[PDB]
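Peer 1: Mind having a look at this structure? Questions to follow.
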Amino acid sequence: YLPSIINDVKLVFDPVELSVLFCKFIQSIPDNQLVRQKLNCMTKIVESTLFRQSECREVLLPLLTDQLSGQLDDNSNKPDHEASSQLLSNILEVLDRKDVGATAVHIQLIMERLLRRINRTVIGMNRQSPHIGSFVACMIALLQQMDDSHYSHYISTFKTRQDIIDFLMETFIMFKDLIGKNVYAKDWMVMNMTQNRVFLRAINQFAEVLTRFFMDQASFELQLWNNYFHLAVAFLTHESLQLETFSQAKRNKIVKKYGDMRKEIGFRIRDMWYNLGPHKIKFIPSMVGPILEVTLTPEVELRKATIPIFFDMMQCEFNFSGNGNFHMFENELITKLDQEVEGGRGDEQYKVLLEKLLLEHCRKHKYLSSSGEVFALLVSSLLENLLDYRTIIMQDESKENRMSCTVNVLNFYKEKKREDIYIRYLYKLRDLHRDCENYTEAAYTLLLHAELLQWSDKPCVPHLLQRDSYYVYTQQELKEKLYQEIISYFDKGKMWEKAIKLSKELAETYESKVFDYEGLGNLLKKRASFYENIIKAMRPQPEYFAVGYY
Amino acid sequence: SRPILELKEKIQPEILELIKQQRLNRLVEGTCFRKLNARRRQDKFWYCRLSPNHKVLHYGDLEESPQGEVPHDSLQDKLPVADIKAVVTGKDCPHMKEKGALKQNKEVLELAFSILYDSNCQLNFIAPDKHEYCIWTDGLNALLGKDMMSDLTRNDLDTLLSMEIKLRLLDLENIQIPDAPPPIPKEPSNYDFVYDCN
Amino acid sequence: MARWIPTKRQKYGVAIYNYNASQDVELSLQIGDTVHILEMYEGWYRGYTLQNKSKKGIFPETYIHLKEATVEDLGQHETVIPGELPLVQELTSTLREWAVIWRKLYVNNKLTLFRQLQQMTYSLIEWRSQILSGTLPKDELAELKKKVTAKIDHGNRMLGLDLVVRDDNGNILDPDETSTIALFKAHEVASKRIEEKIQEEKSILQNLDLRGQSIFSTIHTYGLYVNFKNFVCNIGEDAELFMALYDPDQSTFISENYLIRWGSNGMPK
């Protein structure tokens, strides 16, 4: 009730005297007395009488900051989270008033006194079920009301470069933790764009601080661009055409109210990448994939902008190509390109424009760009292959055509010898036949996988070290596991002749290299069982029909 | 409402093809139809799925399935959509004409439908009730590509056309349409537009 | 045809009936075909259509019902009342979306919820038409605003559609990037109404008393309407009928006694 009078008692009193009287009264509370209740008191306080601020805000807030920063991290923050968020909201709103009085300087003081604080909070205040949304709303309201000059004022001018580096790293990671794993119901569409825009502003500002204190200026400690670009891509990886397409005005509503923000992100990253310069090669192999999917946006323009960047990075490697060429580039290139395209992302016009642009650029450049021409020719062939794959997949959806087209792409890969994706699609077929119980056919495919291996102990390549289980797997042992599985298949595949065949060299490998005599016993037990099966049982004859397509 | 009705009924076909499309959706999702006199342990219910290709009829003596349609190979997954002469309704069904062991009682007078094929084979089937009887007659007649013989179909036709025209009349508020259409102001013979095209 | 002119006082490109195909860029334009005319002739008008805002069509003036008003109802002061006419345009667009989802409904087996969407659609359109007139008193303006806002947001919510804010005056001032926390709590009030209605379908559609209690928790005075028809008794003399509310538990009356004079002839004096 002490606040309940402040309005009229001020209306009959000095502003600042009353103000400091209340301030000194409040600070006189010891640190463990009705913390929620004092928060409510001061909240009603900042409610009224803060409509005028020039005489009070600059002195009223100081205490409020003090107690909020105590509320920051004392392991007693659990009860006051909601009430502190409430106060923060109300005071930030009052600041958002314009008739209330000038507060820009007070605004920067607010950063300087609460910003690292709330960053620490939201990093730690990191469970979705509680009112973390309110904290997020408060802090985004902050960043909205702030100013680039204010950001650069001290947030750019902290103490030693390591501190600012770590702080910005934390900022970026929590941005990622927000954008990724979004904090709303996706129904609060409006605030979702607002949050996107405010994050846009913030990441912009941090981009300039990275440039100004962290280009070859900071000729070293240039790692964090990993985080920067990753967060940039992830933020760029939502709110696109179809998501803008639901209502017809949805495109229009967003464009009028927000435009093409992802267009801005694309250009910003483009110029940033260009600004990387000498460290580009020092950074390519990680970032390689990160640029394709964003190139694969369903839009036109930022695409137009982004394809040439591929020529840029291959050019950067060409500068580094004093040893070899962009082999390491193109490998990740093709691999990621696969994963995304088979994910159902790109389009025909995409590949058309890719070929057009890349060839255009390679005309400007030399022999290595003629090689790049043939490589991108290979690329375009790959693209149309996958596009045909997916269009047939969506056209028929009958597993048989799926098998046909994936066999086609295996043949294409065998031609292209990129054995990894080859194995990947092999396992796709293995899953398929397992679904269809084509134990014969499944075992065949699995064998083709096993065919690649050698009985050498050394796992010579982790390519074949698949995602089923990824560790040492001495090569012969992986071969061994495959052979066991294939034998199991053939055995339930009701075809024991191949079973015996394979068993023979399996036992040979045992005796010759591993001497796993118990395994010999099991294996030969199985071989005898299969011989019995052959001599004893009878199996049906499958009819063979010819199909003439016309 | 004279030109109003002229326009409304004159823009008919879109709703027509819409309703027909829904009917095809219904035949595809289908259900377990009814056989004749399936009393002494016979599967009276049996699914009849139209293909999404709308050419084969996945029907046949499937079990007393309460779940209705089960996507698999029915007994005869094919009824030739092209050659179906018609479906007879009511007494025209020869199974309604049957007065022996397969004598269908007068309580399924409107549920009797026999689909004509081979000129000697019939599909003497029973609907669970009249509305879907008319629905499936409508669906096969959409396969026949003709008028619809469901009361509910005309119901939906008229009601949806009513709302559509009712939402059409929003831009024309506080306005009258002359029953004789407004005279077209004379187009000058020159098409030399002073201001540019597009 | 010649002498076309750019202008923006035609946004309501209005048909009259389904237009003739006279021009190579014109069709039987719908009744509700509000078209953006780009080029102005005196007796003719060509420009974008809501049907295709990238294509022209030369429309007669005798067919164009000129409406100098634009999307903004107050710049030309087209408002029958300011701050409301927006509401009709966005609800009409919303109706377009209800039509699209309606198509989505019949083609599916949602016919129960589809039918209830039908009836709320009809309530919406009748409210729309009745508020087309500005004859309502301002309290009923607000009442219709809130009730239709609740209904349309309900339509959004079983359809999972995005949310709107700014309860009053066109649901648009808040999305005008005014604040953030006020925006946040506008979304919060939206979610609050969401939970209200999602918990109350089971409260009203199935139960017949939770609605009564919720209504009775909002007002504090009430009245019982008694419509006497005839007294069935055999007195043959004047009867003075004292009827009112009684509290048998408290052995007391609750309302003042309504004196009724009953005649000696069996019918009231």
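Residue numbers (UniProt numbering), protein chains in the order written: chain G, 819 to 1368; chain C, 530 to 727; chain Z, 1 to 269.
We put the CB at the ideal spot given by N, CA and C, even for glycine.
1) In three-state DSSP terms, what is C/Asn-653?
2) For C/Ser-530, does the count of other Cβ atoms within 10 angstroms reach 16, so buried, or fall short, so exposed?
3) Could you check what DSSP says for G/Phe-1230 in three-state terms: helix, strand or coil?
4) So, do the stretch 80-89 of chain Z and the stretch 103-116 of chain Z have three or more beta carbon pairs nearer to each other than 8 Å?
5) Identify the contact partners of Z/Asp-162 in chain G, using a Cβ-Cβ distance below 7 Å as the criterion.
6) From G/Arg-931 to G/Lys-1234, what does the alpha carbon distance come to, in whole angstroms?
7) Hey, C/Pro-600 and C/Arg-568 are a contact pair by Cβ (cut 8 Å); roughly how many whole angstroms apart?
8) Tell me, please, whether the CB atom of Z/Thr-70 is closer than 9 Å to any CB atom in chain C?
9) Name the residue from G/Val-1225, G/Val-912, G/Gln-1294 and G/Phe-1230 whose alpha carbon lies nearest to the alpha carbon of G/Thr-1263.
10) Residues bridged to C/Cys-561 by DSSP?
11) Roughly how many angstroms lie between the CA atoms of G/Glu-1237 and G/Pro-1277, to the nearest whole one?
12) For a test of the three-state rule: what should DSSP assign to G/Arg-935, helix, strand or coil?
13) Just the chain Z side, please: which residues come within less than 7 Å of G/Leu-910 by C-beta, in chain order?
14) Check whether chain G comes within 9 Å of Z/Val-189, counting only Cβ atoms and requiring the distance to be less than that.
15) Have a look at C/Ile-644, C/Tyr-576, C/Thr-560 and C/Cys-622 and flag the residue whose alpha-carbon is nearest the alpha-carbon of C/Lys-635.
16) Does any residue of chain C bring its CB to less than 9 Å from the CB of Z/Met-1?
17) Which of helix, strand or coil does DSSP assign to G/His-1048?
18) Please list the partners that Z/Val-226 has in chain G, where partner means a Cβ-to-Cβ separation under 8 Å.
19) Quick check on G/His-1267: buried or exposed, where buried means 16 or more other Cβ atoms within 10 Å of its Cβ?
20) If I'm right that G/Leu-1054 touches G/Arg-1080 with Cβ under 8 Å, what's the distance once you round it to whole angstroms?
21) Scan the stretch 1124-1201 of chain G and note each continuous alpha helix (DSSP H) run of 4 residues or more that stays entirely inside, going in chain order.
22) Mind pulling the chain C residues with CB within less than 8 Å of Z/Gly-170?
23) For the beta strand (DSSP E) containing Z/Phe-242, list its first residue and its last residue.
24) Around the C-beta of G/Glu-1173, are 16 or more other C-beta atoms found within 10 angstroms, so that it is buried, or is it exposed?
25) Roughly how far, in whole angstroms, is the beta-carbon of C/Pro-714 from the beta-carbon of Z/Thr-62, given that I think they are within contact range, below 8 Å?
26) Short of 6 Å in beta carbon distance, which residues of its chain neighbour G/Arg-935, apart from the five on each side in sequence? Order them along the chain.
27) Would you verify that the beta carbon of Z/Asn-52 is, or is not, closer than 9 Å to some beta carbon of chain C?
28) Measuring CA to CA, which of G/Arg-875, G/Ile-941 and G/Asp-892 is closest to G/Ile-909?
29) Taking contact to mean 3 or more Cβ pairs, one atom from each stretch, closer than 8 Å, check whether the stretch 200-208 of chain Z and the stretch 972-987 of chain G are in contact.
30) If I measure Cβ to Cβ from G/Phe-1348 and keep anything under 7 Å in the same chain, skipping five residues before and after, which residues do I get?
31) Could you pull out every residue in the same chain whose Cβ sits closer than 6 Å to the Cβ of G/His-971, ignoring the five residues on either side in sequence?
32) Which residues in the same chain have their Cβ closer than 8 Å to the Cβ of G/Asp-1253, if we skip the five residues on either side of it in sequence?
33) Could you name the residues of chain C that Z/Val-80 contacts, counting a contact when the two beta carbons are closer than 9 Å?
34) Which class does Z/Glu-39 belong to by DSSP, given the choice of helix, strand or coil?
35) Can you tell me which residues form a DSSP beta bridge with C/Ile-644?
36) Measuring only between beta-carbons, confirm whether Z/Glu-177 sits less than 9 Å from chain G.
Peer 2: This is what the structure holds:
1) Position 124 of the second sequence, counted from the start, is the residue given in the question as residue 653 of chain C. Looking at C/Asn-653 - three-state DSSP - the assignment turns out to be strand.
2) Here residue 530 of chain C refers to the residue found at position 1 when the second sequence is read from its first residue. Result: exposed.
3) On the first sequence, residue 1230 of chain G is found 412 positions in, with the first residue counted as 1. In this structure, G/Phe-1230 counts as helix in the three-state DSSP scheme.
4) no
5) Here residue 162 of chain Z refers to the residue found at position 162 of the third sequence. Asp-1005 and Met-1007, listed in chain order.
6) Taking the first sequence and counting its residues from 1, the one referred to as residue 931 of chain G is at position 113. Taking the first sequence and counting its residues from 1, the one referred to as residue 1234 of chain G is at position 416. Roughly 60 Å between the two C-alpha positions.
7) By one-based count along the second sequence, residue 600 of chain C stands at place 71. By one-based count along the second sequence, residue 568 of chain C stands at place 39. Contact flag wrong, Cβ pair sits at about 28 Å.
8) In the third sequence, the residue the question calls residue 70 of chain Z occupies position 70. Judged by the 9 Å Cβ criterion, Z/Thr-70 is not in contact with chain C.
9) Here residue 1263 of chain G refers to the residue found at position 445 when the first sequence is read from its first residue. It is G/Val-1225 whose Cα lies nearest to the Cα of G/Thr-1263.
10) As a first step, residue 561 of chain C is located in the second sequence; it is residue number 32 there, counting from the start. BP columns for C/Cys-561 point to C/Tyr-576.
11) Taking the first sequence and counting its residues from 1, one reaches residue 1237 of chain G at position 419. Taking the first sequence and counting its residues from 1, one reaches residue 1277 of chain G at position 459. Rounded to whole angstroms, G/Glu-1237 to G/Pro-1277 spans 15 Å at the Cα level.
12) For this step, residue 935 of chain G is matched to residue 117 along the first sequence. Here G/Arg-935 sits in helix by DSSP.
13) Counting from one through the first sequence, the residue named residue 910 of chain G turns up at place 92. Those are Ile-181, listed as they occur along chain Z.
14) The residue labelled residue 189 of chain Z in the question sits at position 189 within the third sequence. Not closer than 9 Å to any Cβ of chain G, the Cβ of Z/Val-189 fails to qualify, so no.
15) Translated into positions along the second sequence, residue 635 of chain C becomes position 106. Cα-wise, what sits closest to C/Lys-635 is C/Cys-622.
16) Here residue 1 of chain Z corresponds to residue number 1 of the third sequence, with the count starting at 1. With 9 Å as the cut-off, Z/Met-1 counts as an interface residue toward chain C.
17) Position 230 of the first sequence, counted from the first residue, corresponds to residue 1048 of chain G. In this structure, G/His-1048 counts as helix in the three-state DSSP scheme.
18) As a working note, residue 226 of chain Z is residue 226 in the third sequence. What Z/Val-226 touches in chain G: nothing, since even the nearest Cβ is about 47 Å away.
19) The sequence position of residue 1267 of chain G within the first sequence is 449, counting from 1. By the neighbour-count rule (16 or more Cβ atoms within 10 Å), G/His-1267 is buried.
20) The residue labelled residue 1054 of chain G in the question sits at position 236 within the first sequence. The residue labelled residue 1080 of chain G in the question sits at position 262 within the first sequence. Contact flag correct, Cβ pair sits at about 6 Å.
21) 1145-1160 and 1166-1182
22) Within the third sequence, residue 170 of chain Z is the residue found at index 170, counting from 1. By Cβ distance, chain C contributes nothing, its closest Cβ being about 18 Å from Z/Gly-170, past 8 Å.
23) Taking the first residue of the third sequence as 1, we reach residue 242 of chain Z at position 242. Unbroken beta strand (DSSP E) run through Z/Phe-242: 239-243.
24) Residue mapping note: residue 1173 of chain G aligns to position 355 of the first sequence, counting from 1. By the neighbour-count criterion, in which a residue is buried when 16 or more other Cβ atoms sit within 10 angstroms of its Cβ, G/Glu-1173 is buried.
25) By one-based count along the second sequence, residue 714 of chain C stands at place 185. By one-based count along the third sequence, residue 62 of chain Z stands at place 62. Indeed, because the Cβ distance is near 6 Å, the residues count as touching under 8 Å.
26) Taking the first sequence and counting its residues from 1, one reaches residue 935 of chain G at position 117. The residues are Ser-887 and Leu-890.
27) Residue mapping note: residue 52 of chain Z aligns to position 52 of the third sequence, counting from 1. No, Z/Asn-52 does not count as interfacial toward chain C.
28) Taking the first residue of the first sequence as position 1, residue 909 of chain G is located at position 91. Ranking G/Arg-875, G/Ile-941 and G/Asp-892 by Cα distance to G/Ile-909 puts G/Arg-875 first.
29) no
30) Your numbering for residue 1348 of chain G matches position 530 in the first sequence. Within the same chain, G/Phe-1348 has close Cβ partners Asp-1309, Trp-1314, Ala-1317 and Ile-1318.
31) By one-based count along the first sequence, residue 971 of chain G stands at place 153. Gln-926, listed in sequence order.
32) By 1-based counting over the first sequence, the position of residue 1253 of chain G is 435. Excluding residues within five positions, the ones whose Cβ falls inside 8 Å are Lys-1217.
33) Here the question's residue 80 of chain Z lines up with position 80 in the third sequence. Here the premise fails: no neighbours, minimum Cβ distance about 11 Å.
34) Residue numbering aside, residue 39 of chain Z sits at position 39 when the third sequence is read from its first letter. Strand, per DSSP.
35) Here residue 644 of chain C refers to the residue found at position 115 when the second sequence is read from its first residue. C/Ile-644 is bridged to C/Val-616.
36) Within the third sequence, numbered from 1, the residue matching residue 177 of chain Z stands at position 177. For Z/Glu-177, the answer is yes, since a Cβ of chain G falls inside 9 Å of its Cβ.
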